[PDB]
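Look below for two forms of one protein chain, each set out as structure tokens: first structure 1, then structure 2.
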Structure 1
């Protein structure tokens, strides 16, 4: 049911956008077709957990003829897509920024045969503009419009900030200067857990966990009924854990099931495995690491992979995962004391995160 309704609204959104382009932007059939393909390829294919959560959080707060339910649930699907389209935008640019080859089993958007990298960058921009176009089209008369968009934009902004932290993590920040070049850090002094948590919090936690919950509460007109301090704590913790899983899979999950080929080591990324490894590594391990990380060379990539394996990072992950699970639990219980319906929707989201396989 959730997915069926969500997809019906997707076509409704697509039709509005595509036809408006034809009618008011003087767009030809060829480019409309291109944009329809671009939209489907960049927005469809995932598990839609960010978008579906909005619908689930909205439906579950429906208690605080059917008219209302129909409006609230449809507003929820629109918001769900706003987030899915926002993500799509970031993913298109991110793939370019991370030099990835595939995503969701297919080539990254900018690696498609008839898609130039220069056009891909702009298509990414179109994806984000669409979030605002659909928002105005469906919510122009809603009282929550301003607060809704004010929050959406702040999260958009925090994600861009996190991406800044992500792409500048392997460069000595003390030497960060637009006018003078510098190579990848060679002492990796900044690959610390503190720095890692900051990167992940802003680039993933906010738009992946907090925004779906907040938008769900807003279209449900129940925002004030929840402890926001606890909700944010929960979103931040679940968000970090999700990126950790993302980092681990990048290195150890086969691309067949992952749907995307990892580039974290190649890109010398400040991943969870890298910081956790470096924090426990002996002097010998650190030396060998430094001499193999950040290279495309296949053997040096398998050597970094072996190190992690030898330093029992898989064991470290299990420990961490268990510590997260207990905090989430104590936090959801705190939520439940005043927001039983909301806390249950949160449990569901957790169920889609805990030990996810993809």
Structure 2
């Protein structure tokens, strides 16, 4: 039922957005169908983990009937706001890596983000939480752009190749919008935001984001493209990855010199040299121990949350199960 409900609400939001363009923005049918296809291509096809998390949080807070139906519908619209925000970031990432295709990609980026506001302003028009929801969503979106700056400039200004900076990148670039925002939106629609310890929740979101990114980083380097679903390019791109920061703390002066001469290059042999250095430093072994310690911290904080917010902690437990 969650997925069938989420997809039903997508059809509803899409028809509202396209009809609004046709009836209030003077859009011609050719462009309406063009935007319908663009919206489907960019917003559909993923796992919907962020969107479905909003639904799971709302259901936990109503259980633990005009209010119920409304809360779950609101949870679905919030869920699509996050999925459209994610769609916006991917289009922006695709531009990053008189051409009407580039003009249309930039335009797509702007529309996807504007659509998060348009769907909120319509579906939550009479809701008292509209202002707070808009403010928290905008602040998380800003946080994400700041994280993108930290990420893209990490190898410029290896001084920033530290674990504390790696955590700063993960927190801002990924954790706030992927883990914290779905949790917060589920609380807003349930009118249950002041009933939870925000400190422990923020801390949980950061830890889950860190656990996911460390796993993502190790897989980017060692999981082959057919199994990974993409070509891993962190070494070539000279990313501030968990592997790079962990390697620098434990390598010898000549090994660091070898890492520095070979990192951030497209050359096949230089990438292989970096992989060889990670392997010889036993980084895959260290990966298992790092993740276990993060998991111990996550499991502990959920208990603290359950003391005052039981239903919420159970939805945080489900979100964690999807990451672990």
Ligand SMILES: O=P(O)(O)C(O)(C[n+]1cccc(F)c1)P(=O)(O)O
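Here, rigid core means the biggest group of C-alpha atoms that superpose within 1.5 Å across both forms. Numbering follows the first chain given and starts at 1.
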Problem - Which of the two shown is the form solved in complex with the named molecule - result: 1
Practice task
Shifts of 2 Å or more in the Cα, rigid core superposed between the two structures, apply to only one of 134, 155, 258, 275; name it.
Solution key: 258
Practice task
Return yes or no for residue 27: a CA shift of at least 2 Å between the two structures, with the rigid core superposed?
Solution key: yes
Problem - Per-residue C-alpha deviation between the two structures [residue 348; rigid core superposition; Å] - result: 0.2
